[PDB]
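Note that each Cβ is placed from the backbone with ideal geometry, even for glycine, and that neighbours are counted across all protein chains shown. What follows draws every value from the coordinates through simple rules; no lab data is involved.
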Amino acid sequence: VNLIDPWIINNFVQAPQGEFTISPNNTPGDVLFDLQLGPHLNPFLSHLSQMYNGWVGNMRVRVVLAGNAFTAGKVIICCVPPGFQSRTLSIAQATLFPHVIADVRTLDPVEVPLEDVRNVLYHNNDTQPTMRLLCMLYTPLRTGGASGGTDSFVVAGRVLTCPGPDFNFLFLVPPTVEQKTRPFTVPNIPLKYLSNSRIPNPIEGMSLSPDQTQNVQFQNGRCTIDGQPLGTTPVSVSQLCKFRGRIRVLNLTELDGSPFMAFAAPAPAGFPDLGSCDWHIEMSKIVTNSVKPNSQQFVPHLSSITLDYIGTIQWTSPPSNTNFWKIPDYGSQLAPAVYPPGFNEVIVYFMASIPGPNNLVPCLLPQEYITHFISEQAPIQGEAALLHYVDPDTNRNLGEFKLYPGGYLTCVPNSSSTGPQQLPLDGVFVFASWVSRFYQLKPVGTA
Amino acid sequence: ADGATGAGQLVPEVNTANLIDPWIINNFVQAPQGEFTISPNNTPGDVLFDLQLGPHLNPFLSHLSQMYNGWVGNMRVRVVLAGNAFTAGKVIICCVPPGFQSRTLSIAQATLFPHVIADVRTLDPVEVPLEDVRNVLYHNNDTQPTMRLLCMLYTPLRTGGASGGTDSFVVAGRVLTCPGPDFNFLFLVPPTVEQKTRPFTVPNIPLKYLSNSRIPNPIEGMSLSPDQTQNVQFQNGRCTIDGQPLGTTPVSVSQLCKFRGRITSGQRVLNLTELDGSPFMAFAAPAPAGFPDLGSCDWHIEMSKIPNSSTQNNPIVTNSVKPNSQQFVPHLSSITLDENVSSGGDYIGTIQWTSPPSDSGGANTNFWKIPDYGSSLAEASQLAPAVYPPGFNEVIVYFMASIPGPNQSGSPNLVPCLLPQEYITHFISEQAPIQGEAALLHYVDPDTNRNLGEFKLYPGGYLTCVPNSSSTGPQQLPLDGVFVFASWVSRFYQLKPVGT
Amino acid sequence: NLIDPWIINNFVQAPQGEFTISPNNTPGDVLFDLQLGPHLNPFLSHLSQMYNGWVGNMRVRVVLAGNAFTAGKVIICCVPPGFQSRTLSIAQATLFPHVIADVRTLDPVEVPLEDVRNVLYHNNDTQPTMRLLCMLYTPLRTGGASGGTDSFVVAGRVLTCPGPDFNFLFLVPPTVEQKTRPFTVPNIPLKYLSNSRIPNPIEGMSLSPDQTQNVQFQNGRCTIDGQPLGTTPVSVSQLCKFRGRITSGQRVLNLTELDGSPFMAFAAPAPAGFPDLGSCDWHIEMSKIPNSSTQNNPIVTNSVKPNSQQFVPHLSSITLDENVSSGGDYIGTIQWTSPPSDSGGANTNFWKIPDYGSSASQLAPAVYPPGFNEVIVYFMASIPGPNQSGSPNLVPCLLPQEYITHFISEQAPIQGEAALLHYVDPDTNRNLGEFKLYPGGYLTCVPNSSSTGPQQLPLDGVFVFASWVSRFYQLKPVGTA
C-alpha cells in the first residue's frame, strides 16, 4: 500500500541540516554534516509521521557538491551503525565503516543509501538512536585559484534525502494528540514590546557580557525548552517580580496565596532575583519599604524579610556601583549558572532600564517565551536549537542564534565590541531545527 | 575513477600500467601508515611512504594480529593521489625483495625493481600488489624482513598554470590497503600480549593536566626555542616512542627532579644514590635516575633526612649546587654543595629555585643547556644524543613549565621539555613498536573537536611542527587539547603550518 | 562472519573466571554472577572490540578444586533477563535451568548459557541478558580436617566457549568504542610509582594502625572506570599544590585553580590537587607564579593550620599564619608537616583529612574496610617533618597516581564486583600476593597474621590484573607467620 505520496518517494528534499561548506582552511578530519535516520529528515515525512505511530524502512541520501574541474579534494561519507558511541572518529577510522569517498569535482550528486539497521521490529516515535550518516573531509580542498592560500573559494554541499521504496508508516493515530511527535517552535512575537525576565519592563536593548564571558546564574527566566520553569520563575508578567505574604518579620507565601514549600523551589514564585542592589519594594496591603538582601535574616528557604499584602520593587538602589550579573545569597535547589560553551559563543542578554541611581538590568529569556514553552510540551531534539533573528519587514535573517535546552541563547560576535548589540530591536525570533556543538554559528555583527 | 565526469579530461583518469571477515577482504581501508603528502619542496628520491608487508598494514588485520601468532598471503595496496589539474609530477612505487637491504634508494635504482610510475593527477587510485615472497612457510611477528613497498617522488611536483603557494598546492595522498584473497592467520595466541602487534597510542588527557618531564610542575604552554635551529641535549624528557627511556629519565613524576645521597657531618660532598636508596652505578647512566638537568643555572636545593629520625625541628636544609663547578661530577656519584651541612645522614631533596649561573660571566639562566656531567666518554653510559631539529622548515616543539627563581630578563622562568612525563610513562608501560619514520599527531580540542594543529612525533621522542610565520606558532594554541595519533607518516611529510 | 573454529571447540578461562567456595559461605551465597556476552571470553572480547553487535549462545564449564574432605553441592542456574526477584533462595534456583555439581566432581561441569532475548540482536551496550548464577546448594562442610575448616577454600575456575550459534553483527573501528575496552593496570613496578596524596615515590605497602579504621582521603580517589572523586588531580604535578591571590600585607589566601582559573565551589570540595594532609600543620613554601623577580630568592615560607576555623578551602579562602609582604598569584606546595596545634598535643595523624569548611557535602565517599577479614592496603610515601614518636613520616595512599592516570586515560568499564590483582615479581613471574581492587578505587587484601601483611612484600613487584571477582572472593592470605 502506498501510504506516502508517490511524489515524495521519487523526488529528493533538503535535509534540515543540509548546508555544509568546504573551505581551504578546513583540515582533513573536519566534520561536514551528521545525519540520523528518521522521518524528521524529510519535512514531508515528518508531517505524516505526526499522524502515524511507527515508521520503518530505508531512505536514500544524496549529497550535491558544487565545484569545477580546477579543484581537488575528497569527502568520505560513512554509515555509523546505531548504538556505536564514540567522541569523534578520524579520517582513518571513517574508512573502517562502509563508506563512499566522493571527489569534490564530481559532476553528478553522490547517492549514499541509509539502511535501517535496527534492533526492534519497527521504530517507535521517540529519540531511540538509529543509523547515523556522518560525512568528513577526507583530503584538503586544494583549489587552483591564482590567490595564494585561500581564494575565498568554498565548495558548498547540500544534503538531499528521500524515502526509499521500503519506507512505511505502521499504525494510524489521531494526529497532533500524542506529545511524543508534537513539533516545537519559537513563539512568533515582535521583540519591540517584549518583557524582561527579571523586571516587568519592556526591553531596552540586547547586549552580551560587559567583557568576554562570565558565569551568570539567573533563576528568573529559567525555563526548559520542553516547558519546565526553574527557580522562582513566574508563569506570567503579572506575577513577574511580584511577591506577597504577611506582615515585624515578613512571610513569603506564594503569590497565588497557597502555602509555599521550600522543597519544590529555592524561593517562592515571583521572588525577585536582583543581586548586588537594595530593593525599595512596594509592600502594598500603598506602603513603601526597603529590603536588604545582604541581611542574614533574608533567607529564600525560610521566609524572613526585614523592614525599615502584595510586594513589588518600586525602584532599585546600590547595595548597602550596582552589579546585577550576580545572584543574591540563598539560604539549596538553586537554578544553574550558564557557561558559554566552546570558542566565543557568548550568551546574549536583554537589557532593561529601571529608574533610580545613574541602570540596565540583564535578562536571559522573555516571559512570553517561557509561557509559550510551558504551553507546548514538546520534546527537545539534538543538542541545541538554531534560531533566526528574522525581520518581519524584509523577511531576512539579520542574525542567527543557537538556543539551548538550559533556557538561554548564545551567539558568536564578529569582534569584542561588534556583536548582537548591532542587531535591530524590531526583529522576530523563529526556530529552524536542532543542532549540536558541531554546528558552529557564523559570526554575528557588522564590523 | 570518481570525479572523471567533472574532471573534463584534464587529468589522467586511469594509470596506464576463511577466518577473515568477508567485508575486510572486499573493501579497501586506510592503512595506519596511510597518509603522505607531495610538495614542491620535496626533491626526487624523497620517500613518500615506506610500507613493510604484514598485518600492521590494515587496521582490521592489525587488530586481529594481536590475537594470532603468524600470518601469510599477499596484500593489495591502493595509492589514492589525485592532485589538482594544474600540478605536474610523477611518483614511482617499487617492490624490493625482503633479502635486499640498502635503507636508501635512488630514483634510478627504483626503476630496477618491479615498479609502477603514476601521475600525481591520476583520478583512479593506483592499485599495486604487495606480493609475499618468503623462504619460510609462514611469518611470525618477529620483525623478520618482508617485502617492502617503497614510494618515492619520481619527478618534482612543479605546480604551474595557477601561480599559487606551496601549501596551497601540496598534494595530499592516502594509502588504502586490503588483504589479499589468500591472506591467512595461523596460530591463536593470548590477545595483546606480544610486543610486535601492539598498536601505538597516546594518552587521552588534556595537556593542561599533563606534567613536565624535567621539573615536577604543570605544563603552562608550548613554545619554541629562542633560536629555532638549536640543538637540545636534555637528559630527563628523553624516551623513545617504543618506550626505552634514555639518559636519566625517570618513569614517574615523583622521582623527576629529586636527588638522594649520603653526606658526612660537617662536609659539603654529597655521595649520590638512587631515589629508592639503592647504590648508584656509573655505567648505568650519566646520573642517578631523576637527577636534575637544568644547566646554565645555580641550583638551590632543599634537602631533608629521608628516614625522618628527628622529632622536633624543621627538617628542611637549604643549600646550593653550582653545576659549572668542576666538583660537580654526578657520573662519579659525588657533588659538592656550596655550604657545609652540620648533620650527616641520608639526604633527599629537590631543586627549590634557580638563579643565573655564578662564575660564568654573568650569563642568564639558559634552561636549554644541560650541566656538564662527569667524564662519561670512557664509560659505556654517556649523555643521550642531542635532538637536532629536522629540516623542511620544522621546529621542535617544547612544553614549558615554571620553576621558581629570578632571571636577568625578568621573564617567566620556563623549563622546556621535549615530551610530557605522562606520555613518557605511557610509552614505557605500553611498548608499542614503530611502524613509520614519524607519527602524525593531531592537537585537537576535546569538546569542539576542531583540529588546532598537526604535529609530527619522531621516534627519538620529540615533537616537531611547522610554524605558520615568524609568529611564535604553537604557543598560541590553547592548553586544553589532546594529542590524537592520526597516522604513521614518512619523515618527508609536510605538516600544515600551525598558528596564525 | 565465522569465528575461528579453535575458539568454538576449546574452552578458555573467562575474565570473570575466578570464584572461591569457603567454609564461611552459607547456602545461597552467589559465588559468581556472569551476564552473557562477548566479554565472557578473552578471544571474543577482542573480536567484540572489532564489532558493534553480538548474537548467540555461549557454553560455560566450571572446574572446582576440592579434596575429598570437602563435601558440598553447587547449583549453577540460568536466570532469564527481566526477572524481577532479587532474592533467589536455594530452593527457587532449581526451578531455573540449572546443573547441580558436587564440589569434588574431579571433572569440569558444563552449563549451557542460552541467549534469551526479545530483540533481534544484542548491541554492545549494557542491557539485561541471560545471567548465569552459581550459588552454594548445600553447606560446604570440611569435616575431619582441623585445618581444613578454616583455610581450605575450594577454588573454582569458570571456562567459557561460544556455541556454534554465536555471530558478530557489524564491523567497527577497533578499540574506539568504550564498553568493549578491557581493564588493564599499568605494567610498571611499584618502585617507580608515585603516591597519590603527596608527590613522592612509594616506599612500601602498609596497613592502617587500626584494621577497621575507615578513611576518607580526598586525593587519590579515582574509580576503576576513570572517574576521579574529590579533589583528585590527573597528574602528579598538581598534587599537594595550591594557587591563589593574596593582597599585600595580609595573611588570607584566596584559592584559585592550579592553572590560574576561578574555582567552582559546587564542583569539588577544594581546588583540584589541594592537599588533604589533615590532622597536621602545613608549613608551605610559595612563589609568584609569573617570575617578575630578577634579584632575590622568590620562595616565601609560611604555615597553614587546617584545624583553624578560618581554614575553609571550600569557600576558596584559607588564611596563612604569617603576613605576606607582597601581593600576587602565589603557587606553593607543602614543604613539611608538624604535629597539629590547638589539638591537645595530638600526633601528626595522616589518616584524617582536613575539615575543608564544607557546609551539603560533596566530599569523596568514605571508604570502609570490607568484612571477611579483609583490610585495606595503603601505599606509604615519606614527607619531611617531625612527629611525636620519631618514626618515619609516612603518609597513606589508596592508589598510586600512575594507576589513577591510567584509569582516567583508559576508561575501561567495570565488568565485575571487584578486580583481583596479582602482585607479580617481574623477574621471576611469581605471584607474591593477590589483592582485590574494588570499583570504589581502593586495594584490599587479607593479612596472614596480625604481625605480618603486605609490608613484607618486595617493592619491585608489579600488580597484574587477573580476573573480575565477586565481593565474596576469599583471597589467599599474604605475608608470613
For this session: Quick one: residue A:95 ticks every box in (1) more than 14 Å from chain B (Cβ to nearest Cβ); (2) touching a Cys at 6+ places or on another chain (Cβ under 8 Å); (3) not acidic (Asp, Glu) except a single one, so which number is it?
Result: (1)
Problem set entry | Residue that is outside any strand (DSSP E or B), crowded, with 23+ Cβ neighbours inside 10 Å, more than 14 Å from every other protein chain (Cβ to nearest Cβ) and of a type in the set (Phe, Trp, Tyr), where the choices are C:356, C:403 | C:356
For this session: Say whether the condition of being out of contact with any helix residue (DSSP H, G or I) (no Cβ under 6 Å at 6 or more places or on another chain), over 25 Å from residue B:240 (Cα atoms) and more than 11 Å from every other protein chain (Cβ to nearest Cβ) is met by at least one residue in the range B:435-455.
Result: no
Exercise. Got a number for residues in the range B:467-500 being of a type in the set (S, T, N, Q), under 15 Å from residue B:457 (Cα atoms) and either more than 13 Å from every other protein chain (Cβ to nearest Cβ) or not in a strand (DSSP E or B) (or both)?
Worked result: 2
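Residue B:33 - would you say it is in contact with a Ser or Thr (Cβ under 6 Å, 6 or more places away or on another chain), on the phi < 0 side of the Ramachandran plot and not small (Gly, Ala, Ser)? Before you say what the answer is, go through the steps one by one.
Working: in contact with a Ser or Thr (Cβ under 6 Å, 6 or more places away or on another chain): no; on the phi < 0 side of the Ramachandran plot: yes; not small (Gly, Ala, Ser): yes.
So residue B:33 does not fit the description; no.
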Exercise. Considering A:441, A:425, A:398, which residue is in contact with a strand residue (DSSP E or B) (Cβ under 7 Å, 6 or more places away or on another chain) and either of a type in the set (D, E, K, R) or assigned to a strand (DSSP E or B) (or both)?
Worked result: A:398
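Could you check, for the range A:361-381, whether at least one of its residues is at positive phi and in a loop (DSSP other than H, G, I, E, B)?
No, the range A:361-381 contains no residue that is at positive phi and in a loop (DSSP other than H, G, I, E, B).
Keeping to the range C:187-206, report how many residues are part of a loop (DSSP other than H, G, I, E, B) and either buried (at least 20 other Cβ atoms within 10 Å of the Cβ) or of a type in the set (D, E, K, R) (or both).
Here the count works out to 13.
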Problem set entry | Extreme residue, nearest to the other protein chains (Cβ to nearest Cβ), among residues of the range C:288-312 that are over 24 Å from residue B:302 (Cβ atoms) and in contact with an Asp or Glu (Cβ under 9 Å, 6 or more places away or on another chain) | C:312
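So that you can scan it fast, the table gives a plain yes or no per residue for (1) touching a helix residue (DSSP H, G or I) at 6+ places or on another chain (Cβ under 9 Å); (2) within 11 Å of chain B (Cβ to nearest Cβ); (3) more than 30 Å from residue B:23 (Cα to Cα):
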residue	(1), (2), (3)
C:155	no, no, yes
C:169	no, no, no
C:182	yes, yes, no
C:192	yes, yes, yes
C:195	yes, yes, yes
C:200	yes, yes, yes
For this session: Give the range B:94-150 a look and list any residue that's under 28 Å from the mean Cα position of the chain (by Cα), closer than 20 Å to residue B:43 by Cβ and surrounded by 14 or more Cβ atoms within 10 Å (Cβ to Cβ), or say none.
Result: B:94, B:105, B:150
Problem set entry | Of residues in the range C:417-460 being over 21 Å from residue C:208 (Cα atoms) and of a type in the set (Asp, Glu), the one surrounded by the most Cβ atoms within 10 Å (Cβ to Cβ) | C:417
Exercise. If you check every pair at least six apart or on different chains, which have Cβ atoms under 6 Å apart with a residue in the range C:305-319 that is among the hydrophobic types (A, V, I, L, M, F, W, C) first and a residue that is assigned to a loop (DSSP other than H, G, I, E, B) second?
Worked result: C:312/C:357; C:315/C:357; C:318/C:311
Exercise. Of all residues in the range C:1-45, how many are under 30 Å from residue C:148 (Cβ atoms) and hydrophobic (A, V, I, L, M, F, W, C)?
Worked result: 8
Problem set entry | Any hit, the range B:58-81, residues being of a type in the set (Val, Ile, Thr), facing another protein chain (nearest Cβ under 9 Å) and touching an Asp or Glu at 6+ places or on another chain (Cβ under 8 Å) | no
Seminar exercise, completed: Those residues of the range B:212-236 which are closer than 20 Å to residue C:290 by Cα and over 17 Å from the mean Cα position of the chain (by Cα) amount to B:215, B:216, B:217, B:218, B:219, B:220, B:221, B:225, B:226
Exercise. When you look at residue C:332, is it in a loop (DSSP other than H, G, I, E, B) and not polar (S, T, N, Q), yes or no?
Worked result: no
For this session: Tally the residues that are assigned to a loop (DSSP other than H, G, I, E, B) and either hydroxyl-bearing (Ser, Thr, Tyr) or within 13 Å of chain A (Cβ to nearest Cβ) (or both), restricting the search to the range B:1-30.
Result: 12
